[PDB]
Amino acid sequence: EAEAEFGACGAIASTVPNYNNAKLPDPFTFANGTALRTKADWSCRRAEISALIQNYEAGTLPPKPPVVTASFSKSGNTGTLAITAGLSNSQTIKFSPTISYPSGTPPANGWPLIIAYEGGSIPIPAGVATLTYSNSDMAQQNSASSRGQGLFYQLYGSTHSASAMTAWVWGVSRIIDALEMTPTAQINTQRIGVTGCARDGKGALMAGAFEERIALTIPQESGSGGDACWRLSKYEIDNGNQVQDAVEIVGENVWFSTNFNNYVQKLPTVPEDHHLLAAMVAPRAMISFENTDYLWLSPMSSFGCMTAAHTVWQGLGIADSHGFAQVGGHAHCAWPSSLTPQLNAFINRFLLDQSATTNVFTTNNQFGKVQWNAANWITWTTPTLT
């Protein structure tokens, strides 16, 4: 409705005041009760999900500011991309991520690139450039004490509602803006991925969800607030698994907006969960990786959440663009070589243009004191969007 005022997607909802659902919110019904039927409908539903997530847990994601400039220099195989961002009131900030390049002549369209939060914790293949993004400089994340601290808040104000992770997304968007105006950086901006581990894996999922120029999203052991769902983690903690949950996470750090504090004890009233956050990546590609050795990561919750998110890619006819691999037997953020073929399949297909198959959806089912029962959490039947 109201397309004449708001555009093709109408008056998408940012709140659902009467919502109360203990199970996972239905991806395929808009807030107004209209069922999704076409692939085009997904674009609008994703925009509504973005608004809902910003309202309930992420805070406001600002658009591109009026000033974004960049200069580039290189020494050896390391480039420095010096970025300036500024508002209409003259306020500016600056940040200078670095890029590690493969040696020699690049492909005709430039190097594919992975934006790695704090360097990431995945092995990046030799033909892919790595941009090291200091997300912690953009928004600090030491503890609750970090609220409103970081470069983002030196531009927008320390009381701006963006969570630290939303501020990090904004920084990624400025990085891509900078790359698109800097041909001497020799990056194929159509082949950009994002990755991070642990808290930075929560961040990488947010970046891929909200920044549609990211071709491949790779969250690694992101846990609660990442590829786990709030509702499923509450079920886990109530049944004796020592998981991180919504109640604890908002007191531990600043990864979510202060408004989320009003909902952490009332999760059924939140008209989204992280299966919808992950689904915002669709129709682009994502594979996330989890580790069952650490109950803190909420293992069942990640498998259930990603199974629910997967229905969106299934409904869009592109199930193999979304992967999930969950194993045990290795230290947190150590990369197990057993998962390298799955990681490389996604990188090879979606960043390197190879004909790799990407059907990866596996778990060991080692969930501790709970089990995953899909019928207890997923109530919708996946439509074939036209």
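The first residue of the shown sequence is 1; numbering continues from there.
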When mean C-alpha B-factors in the record are compared for 123-131 and 304-312, the larger belongs to 123-131
So which stretch wins on mean C-alpha B-factor, 177-185 or 69-77? 69-77
From 253, 109, 244, 257, residue of greatest CA B-factor: 109
State the tercile, meaning the lowest, middle or highest third, of residue 334 with respect to the CA B-factors recorded for its chain. highest
Which third, lowest, middle or highest, does the CA B-factor of residue 42 fall in along this chain? highest
By the recorded C-alpha temperature factor, relative to the other modelled residues in its chain, which third is residue 94 in? highest
Residue 58: C-alpha B-factor third of its chain, per the entry, is the lowest
Check where residue 144 lands among this chain's C-alpha B-factors and tell me if it's the lowest, middle or highest third. highest
